[PDB]
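This report concerns only the one structure given below.
The numbers here are math on the coordinates, done by the rules we state, and not lab data.
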Amino acid sequence: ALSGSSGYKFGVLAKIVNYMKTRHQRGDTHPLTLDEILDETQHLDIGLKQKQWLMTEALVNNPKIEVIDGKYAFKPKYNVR
C-alpha cells in the first residue's frame, strides 16, 4: 500500500539495514542492542509493535543480520573480495 511504502515497517527496517551495513563497512562490525540501533537510525519513538517486530522477526530472519548475545550485528554477504 502507498501508506505502507512510505515507511510503516519496510522503510524503518531498510534504514536500519543500511545503517548497520555502512557502520559495519566502516569498521564497527560489532553487535549493537536494539535501542542503540534506533538512536542512530532516528527510530527511538518507533512504536512497541514495530520495536517488537524488529526484535523477533526482522533482526531475527533478515539474512543481513546476526544475533549475538541478545544484541544484533550485521551479517556480511560474502566479504568484499
### Message
How compact is the range 1-53 by the rule of thumb for globular proteins, expressed as Cα Rg over 2.2 N^0.38 Å?
### Response
1.18
### Cα-based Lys proximity count in the chain, under 13 Å, for pairs eight or more positions apart or on separate chains
8
### Task
Tell me what the chain gives for mean residue ellipticity at 222 nm when only DSSP H runs of n ≥ 4 count, each as -39,500 (n - 2.57), the sum divided by the residue total, rounded to 500 deg cm²/dmol.
-12000 deg cm²/dmol
